[PDB]
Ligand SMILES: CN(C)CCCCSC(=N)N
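First comes one chain, alone, set out as structure tokens in the form deposited without the named molecule.
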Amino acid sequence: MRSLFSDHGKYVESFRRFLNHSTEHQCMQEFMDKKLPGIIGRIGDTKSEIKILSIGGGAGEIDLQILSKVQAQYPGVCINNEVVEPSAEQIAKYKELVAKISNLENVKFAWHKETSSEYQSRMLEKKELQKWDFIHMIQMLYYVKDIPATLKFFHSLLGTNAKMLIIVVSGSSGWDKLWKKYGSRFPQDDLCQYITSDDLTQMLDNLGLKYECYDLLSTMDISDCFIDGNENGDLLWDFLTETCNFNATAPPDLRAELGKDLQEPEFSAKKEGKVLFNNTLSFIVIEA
């Protein structure tokens, strides 16, 4: 069995089928409108420049929804938004999106093609240590080698009244149970790491940092996954298992239990017509 992360193309398509069959984006957007305003309420106070650091260029459109909310609280204030993203393809796509929006004059972007870790070292090199008013790591800790050291480092870049927002799947979600029971049976990638809000809150408690945790229900429609042969129904299998051609490349004994289990309640909820997997998300906000 070859992990899904080893076939950039298969990944993408599978990843797209994920968004297209789930409330993933709507959920984050619900957060940006009903909660962010309150959170980023004073990160601009007394400053003639607002510095935003996004560790991850995959959510270009969320990065933008963020600015929107920040620009609304501080009319006229110039905003410096830096992005740390390893993938040239991601930065590229991000740039297209930026150029296609009419109205952002109070914003200056800068991209850095590197990893949160490479960026960290490079900075620890320069004598001076810059500060930020708002930092956010949306769904990318999975890809971080040393979490505790990352959490501590970026927290230390927080200026006055600054805040760091982190988003990962909730510890009370399908993902959790799924990983806890079958993870040890999927292709364990050197680069990926199954992580939920529980791991995070333990890590932050030990680190001694002060935070607040918000969970919002989100669901993934996995019905196509029960009609054997289905084209889409399998794209999602590949995503849930992050494994290339799950069906046609894995132990029948295994696919059997999952079939039974994905329909289980602690994994999904059966609603009118559809079977929804628990995609509950966690929003962690850390005070400087």
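Don't overthink the numbering: it's just position in the shown sequence, from 1.
Although it is not shown, the form solved in complex with the named molecule is what the next lines describe.
Relative to the named molecule in the deposited complex, residues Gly44, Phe109 and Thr160 are all farther than 4.5 Å at every heavy atom. Not displayed here, the named molecule is kept clear of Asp133 by more than 4.5 Å at the level of heavy atoms in the deposited complex. The shortest heavy atom separation between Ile55 and the named molecule in the deposited complex is within 4.5 Å. Heavy atoms of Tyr143 reach within 4.5 Å of the named molecule in the deposited complex, making it an interface residue.
Taking non-hydrogen atoms only, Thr115 approaches the named molecule to within 4.5 angstroms in the deposited complex. Contact annotation: of the candidates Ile79, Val84, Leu151, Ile166, the single residue with a non-hydrogen atom within 4.5 angstroms of the named molecule in the deposited complex is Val84. None of 84 to 92, 67 to 75, 208 to 216, 123 to 131 except one has non-hydrogen atoms within 4.5 angstroms of the named molecule in the deposited complex; the exception is 84 to 92.
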